């Protein structure tokens, strides 16, 4: 059990809320939403361009019933305060011509459609920093073999989508209480 650790050195609490901040200060702020393409409301998960913004508090929930979160545990990530038009706070990944993208949903989704993320510790770093993996179905199981990154749309939105090249690296900062 090599548990997830937060930006202040404490074990990440399962079901707890955290800001998802970039490792490098210059690279923008925390996670929030945008309304893109033909969506009727903000259903796109993006990174804030404000380096001072902590973004939205995000709930991290494991596939296990543990107080903390083991390493290779699958997780679901959800907004503590989701846009009024999403049916639930949880993120999901949607296929597209450009490739899979991270979005919210106007309907309740099955657990196997939200429990599709995993954090991967980064080497060479003093603070606890992780990459974010996407785990596609394996006709029966699931395989975490693609990473999540940023694709800036023609409007400047910093969209979270599956990436091939430069994955994002995050620190998890515990949310207010």
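Numbering follows the first chain given and starts at 1.
Open item on the list: If you take the mean CA temperature factor per stretch, which one wins between 164-172 and 14-22?
Closed with: According to the PDB entry, the answer is 164-172.
Open item on the list: If you take the mean CA temperature factor per stretch, which one wins between 24-32 and 131-139?
Closed with: Averaging CA B-factors over each stretch, the winner is 131-139.
- [ ] Among the candidates 59, 47, 152, 54, give the one with the maximum CA B-factor reported in the record.
- [x] Going by the entry's C-alpha B-factors, 152 comes out highest.
Task: Record-listed C-alpha B factor of residue 148: chain third - done: As the PDB entry reports it, the C-alpha B-factor of residue 148 lands in the lowest third of its chain.
Task: Ranked C-alpha temperature factor of residue 69 among modelled chain residues, by third - done: It belongs to the lowest third of the chain when residues are ordered by C-alpha B-factor.
Task: Chain third (lowest, middle, highest) by recorded CA B-factor, residue given as residue 82 - done: CA B-factor rank for residue 82: middle third.
Open item on the list: By the recorded C-alpha temperature factor, relative to the other modelled residues in its chain, which third is residue 8 in?
Closed with: Answer is middle: the recorded C-alpha B-factor places it there.
- [ ] Within this chain's modelled residues, let me know which third the CA B factor of residue 107 belongs to: lowest, middle or highest.
- [x] Answer is middle: the recorded C-alpha B-factor places it there.
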